[PDB]
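First comes the structure, then the notes that go with it.
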Number of protein chains: 2
Amino acid sequence: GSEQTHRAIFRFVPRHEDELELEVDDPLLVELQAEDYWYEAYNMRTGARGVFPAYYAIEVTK
Amino acid sequence: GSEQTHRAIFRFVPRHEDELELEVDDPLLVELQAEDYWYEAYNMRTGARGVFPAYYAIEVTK
């Protein structure tokens, strides 16, 4: 119950405290697709939670 | 030497004060391509300066 929703496609190294670090192909569970084009999610590989630029991830087919 | 170096390909709405807002197709002059995958640049359309995620722009070969 509650599974992967997206996948990171680009390396994202945070510059800000609220951001989620991403490594290519990281499995993601996106909680919100904010209006300002930022995604709020959990990185299923690292377990960390944070935000990142929307275009850094693609949708995974349920 | 203030010629265009890149062009934004994705919409980027800042969440942090040091970021540079981007609209698809904005011509950019990237001053620094930082090691943490963030670009420091000048938006030639708005005249604003700031940083943004590297993968949000492509390099012009003109």
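Letters A, B, ... go to the chains of the structure tokens in the order shown; residues in each chain start at 1; ligands are counted from 1 in the same order.
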For a quick test of understanding: name the residues of chain B lying within 8 Å of chain A when counting only C-alpha atoms, and present them as an mmCIF file with N, CA, C and O atoms, in the first residue's frame.
```cif
data_model
loop_
_atom_site.group_PDB
_atom_site.id
_atom_site.type_symbol
_atom_site.label_atom_id
_atom_site.label_comp_id
_atom_site.auth_asym_id
_atom_site.auth_seq_id
_atom_site.Cartn_x
_atom_site.Cartn_y
_atom_site.Cartn_z
ATOM 1 N N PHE B 10 13.116 24.148 -19.916
ATOM 2 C CA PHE B 10 12.037 23.803 -18.987
ATOM 3 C C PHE B 10 11.683 25.023 -18.139
ATOM 4 O O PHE B 10 12.521 25.898 -17.899
ATOM 5 N N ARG B 11 10.437 25.074 -17.688
ATOM 6 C CA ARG B 11 9.966 26.171 -16.848
ATOM 7 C C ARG B 11 10.550 25.994 -15.449
ATOM 8 O O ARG B 11 10.477 24.910 -14.882
ATOM 9 N N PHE B 12 11.139 27.051 -14.896
ATOM 10 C CA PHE B 12 11.700 26.971 -13.554
ATOM 11 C C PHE B 12 11.234 28.152 -12.708
ATOM 12 O O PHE B 12 11.565 29.302 -12.988
ATOM 13 N N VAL B 13 10.455 27.849 -11.677
ATOM 14 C CA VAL B 13 9.930 28.857 -10.768
ATOM 15 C C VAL B 13 10.702 28.737 -9.459
ATOM 16 O O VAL B 13 10.590 27.738 -8.754
ATOM 17 N N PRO B 14 11.504 29.756 -9.127
ATOM 18 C CA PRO B 14 12.301 29.754 -7.898
ATOM 19 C C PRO B 14 11.535 29.476 -6.614
ATOM 20 O O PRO B 14 10.396 29.906 -6.447
ATOM 21 N N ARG B 15 12.176 28.737 -5.716
ATOM 22 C CA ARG B 15 11.624 28.452 -4.402
ATOM 23 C C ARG B 15 12.623 29.034 -3.419
ATOM 24 O O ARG B 15 12.334 29.185 -2.237
ATOM 25 N N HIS B 16 13.805 29.360 -3.930
ATOM 26 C CA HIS B 16 14.875 29.917 -3.115
ATOM 27 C C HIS B 16 15.311 31.256 -3.708
ATOM 28 O O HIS B 16 15.334 31.432 -4.929
ATOM 29 N N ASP B 36 28.447 21.049 -8.452
ATOM 30 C CA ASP B 36 27.247 20.434 -7.892
ATOM 31 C C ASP B 36 26.075 20.443 -8.877
ATOM 32 O O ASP B 36 24.913 20.345 -8.477
ATOM 33 N N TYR B 37 26.386 20.577 -10.162
ATOM 34 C CA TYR B 37 25.367 20.563 -11.212
ATOM 35 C C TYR B 37 24.362 21.712 -11.209
ATOM 36 O O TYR B 37 23.215 21.541 -11.618
ATOM 37 N N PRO B 53 19.095 24.570 -11.807
ATOM 38 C CA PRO B 53 19.553 23.197 -12.059
ATOM 39 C C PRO B 53 20.077 23.070 -13.483
ATOM 40 O O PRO B 53 19.395 23.424 -14.436
ATOM 41 N N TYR B 55 20.403 20.776 -15.805
ATOM 42 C CA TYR B 55 19.634 20.138 -16.866
ATOM 43 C C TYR B 55 18.450 20.930 -17.422
ATOM 44 O O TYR B 55 17.754 20.457 -18.321
ATOM 45 N N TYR B 56 18.229 22.135 -16.905
ATOM 46 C CA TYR B 56 17.137 22.973 -17.383
ATOM 47 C C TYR B 56 17.517 23.804 -18.609
ATOM 48 O O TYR B 56 16.708 24.574 -19.123
#
```
Within chain B, find each residue whose DSSP state, derived from the backbone, is strand (DSSP E), and express the selection as an MDAnalysis selection string.
chainID B and resid 6:8 27:33 38:43 49:53 57:59
Only N, CA and C atoms, please: the residues just picked out, written as a PDB file, in the first residue's frame.
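Done, and the output landed in result35.pdb:
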```pdb
ATOM      1  N   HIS B   6      23.608  29.627 -23.465  1.00  0.00           N
ATOM      2  CA  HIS B   6      22.626  28.554 -23.313  1.00  0.00           C
ATOM      3  C   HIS B   6      21.201  29.030 -23.555  1.00  0.00           C
ATOM      4  N   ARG B   7      20.263  28.093 -23.454  1.00  0.00           N
ATOM      5  CA  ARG B   7      18.849  28.398 -23.600  1.00  0.00           C
ATOM      6  C   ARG B   7      18.076  27.477 -22.667  1.00  0.00           C
ATOM      7  N   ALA B   8      17.120  28.048 -21.942  1.00  0.00           N
ATOM      8  CA  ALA B   8      16.311  27.281 -21.010  1.00  0.00           C
ATOM      9  C   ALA B   8      15.305  26.448 -21.791  1.00  0.00           C
ATOM     10  N   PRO B  27      16.927  32.913 -23.452  1.00  0.00           N
ATOM     11  CA  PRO B  27      18.342  32.905 -23.849  1.00  0.00           C
ATOM     12  C   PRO B  27      19.169  33.192 -22.596  1.00  0.00           C
ATOM     13  N   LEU B  28      20.228  32.425 -22.377  1.00  0.00           N
ATOM     14  CA  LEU B  28      21.008  32.605 -21.161  1.00  0.00           C
ATOM     15  C   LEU B  28      22.506  32.741 -21.349  1.00  0.00           C
ATOM     16  N   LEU B  29      23.131  33.430 -20.403  1.00  0.00           N
ATOM     17  CA  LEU B  29      24.573  33.592 -20.407  1.00  0.00           C
ATOM     18  C   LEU B  29      25.012  32.937 -19.106  1.00  0.00           C
ATOM     19  N   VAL B  30      25.538  31.722 -19.202  1.00  0.00           N
ATOM     20  CA  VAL B  30      25.979  31.006 -18.019  1.00  0.00           C
ATOM     21  C   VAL B  30      27.396  31.421 -17.667  1.00  0.00           C
ATOM     22  N   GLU B  31      27.545  31.992 -16.480  1.00  0.00           N
ATOM     23  CA  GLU B  31      28.839  32.446 -16.007  1.00  0.00           C
ATOM     24  C   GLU B  31      29.614  31.319 -15.348  1.00  0.00           C
ATOM     25  N   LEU B  32      28.896  30.417 -14.686  1.00  0.00           N
ATOM     26  CA  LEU B  32      29.536  29.305 -14.003  1.00  0.00           C
ATOM     27  C   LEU B  32      28.749  28.001 -14.025  1.00  0.00           C
ATOM     28  N   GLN B  33      29.427  26.931 -14.425  1.00  0.00           N
ATOM     29  CA  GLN B  33      28.835  25.601 -14.445  1.00  0.00           C
ATOM     30  C   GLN B  33      29.470  24.909 -13.238  1.00  0.00           C
ATOM     31  N   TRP B  38      24.778  22.871 -10.721  1.00  0.00           N
ATOM     32  CA  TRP B  38      23.921  24.051 -10.735  1.00  0.00           C
ATOM     33  C   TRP B  38      24.648  25.068 -11.606  1.00  0.00           C
ATOM     34  N   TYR B  39      23.895  25.825 -12.395  1.00  0.00           N
ATOM     35  CA  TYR B  39      24.483  26.852 -13.247  1.00  0.00           C
ATOM     36  C   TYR B  39      24.221  28.214 -12.616  1.00  0.00           C
ATOM     37  N   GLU B  40      25.195  29.109 -12.735  1.00  0.00           N
ATOM     38  CA  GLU B  40      25.061  30.464 -12.225  1.00  0.00           C
ATOM     39  C   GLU B  40      24.990  31.262 -13.519  1.00  0.00           C
ATOM     40  N   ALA B  41      23.902  31.994 -13.714  1.00  0.00           N
ATOM     41  CA  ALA B  41      23.754  32.703 -14.967  1.00  0.00           C
ATOM     42  C   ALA B  41      22.953  33.987 -14.931  1.00  0.00           C
ATOM     43  N   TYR B  42      22.886  34.597 -16.108  1.00  0.00           N
ATOM     44  CA  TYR B  42      22.173  35.838 -16.357  1.00  0.00           C
ATOM     45  C   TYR B  42      21.086  35.531 -17.389  1.00  0.00           C
ATOM     46  N   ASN B  43      19.843  35.897 -17.087  1.00  0.00           N
ATOM     47  CA  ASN B  43      18.736  35.669 -18.015  1.00  0.00           C
ATOM     48  C   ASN B  43      18.681  36.898 -18.917  1.00  0.00           C
ATOM     49  N   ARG B  49      19.715  37.732 -12.482  1.00  0.00           N
ATOM     50  CA  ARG B  49      20.835  36.820 -12.267  1.00  0.00           C
ATOM     51  C   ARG B  49      20.473  35.850 -11.149  1.00  0.00           C
ATOM     52  N   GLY B  50      21.047  34.650 -11.201  1.00  0.00           N
ATOM     53  CA  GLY B  50      20.781  33.653 -10.178  1.00  0.00           C
ATOM     54  C   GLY B  50      21.253  32.278 -10.602  1.00  0.00           C
ATOM     55  N   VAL B  51      20.918  31.265  -9.809  1.00  0.00           N
ATOM     56  CA  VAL B  51      21.321  29.895 -10.114  1.00  0.00           C
ATOM     57  C   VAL B  51      20.115  29.024 -10.464  1.00  0.00           C
ATOM     58  N   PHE B  52      20.363  27.937 -11.191  1.00  0.00           N
ATOM     59  CA  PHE B  52      19.302  27.006 -11.576  1.00  0.00           C
ATOM     60  C   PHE B  52      19.911  25.640 -11.866  1.00  0.00           C
ATOM     61  N   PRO B  53      19.095  24.570 -11.807  1.00  0.00           N
ATOM     62  CA  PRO B  53      19.553  23.197 -12.059  1.00  0.00           C
ATOM     63  C   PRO B  53      20.077  23.070 -13.483  1.00  0.00           C
ATOM     64  N   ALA B  57      18.745  23.648 -19.085  1.00  0.00           N
ATOM     65  CA  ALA B  57      19.175  24.410 -20.249  1.00  0.00           C
ATOM     66  C   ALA B  57      20.087  23.604 -21.156  1.00  0.00           C
ATOM     67  N   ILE B  58      20.157  24.003 -22.419  1.00  0.00           N
ATOM     68  CA  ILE B  58      21.041  23.342 -23.361  1.00  0.00           C
ATOM     69  C   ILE B  58      22.078  24.371 -23.798  1.00  0.00           C
ATOM     70  N   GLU B  59      23.235  23.893 -24.239  1.00  0.00           N
ATOM     71  CA  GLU B  59      24.314  24.770 -24.677  1.00  0.00           C
ATOM     72  C   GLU B  59      24.156  25.097 -26.157  1.00  0.00           C
TER      73      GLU B  59
END
```
Length of the CA of residue 21 (chain B) to CA of residue 48 (chain B) vector [Å]: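 Between CA of residue 21 (chain B) and CA of residue 48 (chain B) the gap works out to 8.1 Å.
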Hey, can you check how far CA of residue 4 (chain B) sits from CA of residue 46 (chain B)?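 If I compute the distance from CA of residue 4 (chain B) to CA of residue 46 (chain B), I get 13.4 Å.
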